[PDB]
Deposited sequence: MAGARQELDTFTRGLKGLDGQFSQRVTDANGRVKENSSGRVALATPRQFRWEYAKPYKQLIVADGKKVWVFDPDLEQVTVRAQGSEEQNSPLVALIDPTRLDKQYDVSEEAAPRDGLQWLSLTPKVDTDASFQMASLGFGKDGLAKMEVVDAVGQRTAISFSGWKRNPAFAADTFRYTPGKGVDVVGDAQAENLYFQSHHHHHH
């Protein structure tokens, strides 16, 4: 059973800090992009994706705005934070009740990759389908497939439960020279 794991994991969860590795693969499983870094989560709508290798990129959701910062390009994109549970269900962990609201959740029967999976089929409008993989230490993997068949597989390790965050963990601090742009449509 996999829903057991999600609820044991997000049992009394206010914050989350850990490391990730990300592999983007094509239909035949060949890795096309691979990177790693740090991920942090805090209720009710704050996250931070810190890419470290092979380039630095910072994504921060401060609760009201989402910032995408690329240091090498000296530009940050800002937009208002709307419903970010249909762009990354990882925030739907710190509030587990959200998952069943925008996602037709469904538990796979066959264990895969050594893990018990939940299929997150989307109702709200994102991606085509997510899947959360749970193992001995909690959430171990997340997988998302987009409309042109490209899959992103994100693995996790070093989870620290409810930590003491620095007060800028979920804030974007501009550096001098950086272009600040809105999100084009």
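- Where C-alpha coordinates are absent, the deposited sequence of this PDB chain has the segments 1-2, 128-130, 191-204.
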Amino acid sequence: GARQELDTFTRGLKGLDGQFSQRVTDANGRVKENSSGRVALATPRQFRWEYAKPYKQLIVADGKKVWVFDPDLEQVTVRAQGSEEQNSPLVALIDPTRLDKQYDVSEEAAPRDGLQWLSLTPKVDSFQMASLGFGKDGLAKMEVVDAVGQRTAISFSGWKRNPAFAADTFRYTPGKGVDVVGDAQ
From here on, numbers count along this sequence of modelled residues.
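- When 173-181 is weighed against 159-167, 159-167 comes out higher, by mean CA B-factor as recorded in the entry.
- The PDB entry reports B-factors from which the mean C-alpha value can be compared for 104-112 and 75-83; the larger average falls on 104-112.
- Taking the PDB entry at face value, the top CA B factor among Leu139, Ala153, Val68, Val124 belongs to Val124.
- Based on the entry's C-alpha B-factors, the most elevated value among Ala61, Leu132, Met129, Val31 belongs to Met129.
- Sort the modelled residues of the chain by CA B factor and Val39 lands in the lowest third.
- When all modelled residues of the chain are sorted by CA temperature factor, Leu120 is found within the highest third.
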